[PDB]
C-alpha cells in the first residue's frame, strides 16, 4: 500500500536504492525524480516482476506529479564527496537542493515521512524542518536524518572482530552523522561484547571515519552508494512496517530532539503509525561514551545553527 518517492533517483545511491524499493512487497507505488535520466531508470525498473508500479519524473515541472499522495519521500538528491573533503564541504550545493526539494514536499505531500540522505545530515535536517515550518506543516515526528549506515557499519565491524553473524548483531549509534558526532554505544551492543580499551578506540574510530575510508578507496569515483542503498532501504522498510502497525520497530535516526542541549540529535526511536512513536533516549552509557557525547555537542550545535541560518537567507 505504501507510495514512496525517491528524489535524486538517477544517482549512485538513487538507482540501487530504487531497485531495493521496487523489489519489496511493502511498496505498491514507486515514483522516481531527478533532473536527468529518470525516464530511462524508470523504464528499466518497470520491467521487474514485482507489484510496485514505477514512474519516472524529470525536472521541476514534473516534481508535483511525483510527490502527489506520497507516504514516504527519500532524498539522496545532492552531490557526493571527493577524497580530502568533509561532509560539511558539500553544504553550499546540497543546502539549496534539500531546501528546494523539501519545499516541494511541504507543498505537495506535507503528511509524508521525509527521509533525508543528502549530506551534511547534521545541517540538512535543520534545513528540512525550517522549510516545513515556513510552509506551516511542520510535524517533527515525520522528519528523519538517515544515519542507518552508521549502525550497519558498527554491526559489521563488531561481527568481524568477534566472528559473529552480522545479522545477529545490533549496535546503537547516537549523536549525528559526521566524524566525532558519530557515537557507537558498544556498551549497549547485543550480544554483549568485551574489547580492551585500545581495540575499542580503534573500532570506534573505524566506525567514525568509515565513510571517508570508502571515499579514499573509490579515489575520486564518489562515495558509499551500494551500502547506502542497503541502509536507506532498511530504514524505509522499518518505517513502512511500523506505519502498517508492526510493533517494536526500533531505529536510530537524526531527528528533532530534546534528549540533549542540541535541538536535533540521533537516538534509538520506536517507530509507529505517527512516524516517531517514542524517543527511547541515550540510556545507560560508559564513561568513554559519555565523553564522546560531550565532545560532539559543540559540532552538532554549529551544524544545526548553520542549517537554520541558511534558511533565513532565502
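Numbering follows the first chain given and starts at 1.
(message) Quick check on the record: does 23 to 31 or 253 to 261 carry the larger mean Cα temperature factor?
(response) Result: 253 to 261.
(request) Select between 62 to 70 and 42 to 50 the stretch whose C-alpha atoms have the higher average B-factor in the entry. (result) Taking the mean B-factor of the alpha carbons in each, 62 to 70 is higher.
(request) Kindly indicate the residue among 119, 181, 238, 223 with the greatest C-alpha B-factor in the PDB record. (result) Checking the PDB record, the top C-alpha B-factor among 119, 181, 238, 223 is at 181.
(request) Would you mind finding, among 145, 166, 232, 76, the residue with the largest C-alpha temperature factor in the entry? (result) Of 145, 166, 232, 76, 166 has the highest C-alpha B-factor.
(request) Using the B-factor values recorded in the entry, state whether the Cα atom of residue 198 falls in the lowest, middle or highest third among the modelled residues of its chain. (result) As the PDB entry reports it, the C-alpha B-factor of residue 198 lands in the highest third of its chain.
(message) Among the modelled residues of this chain, does the Cα B factor of residue 111 put it in the lowest, middle or highest third?
(response) Its C-alpha B-factor, which the entry lists for residue 111, ranks in the middle third among residues of this chain.
(request) Classify residue 105 as lowest, middle or highest third according to the C-alpha B-factor given in the PDB entry, relative to its own chain. (result) Middle third by C-alpha B-factor.
(request) Can you work out whether the C-alpha temperature factor of residue 135 puts it in the lowest, middle or highest third of the chain? (result) Highest third.
(request) Sort the modelled residues of this chain by their C-alpha B factor and say whether residue 81 lands in the lowest, middle or highest third. (result) For residue 81, the deposited C-alpha B-factor lands in the middle third.
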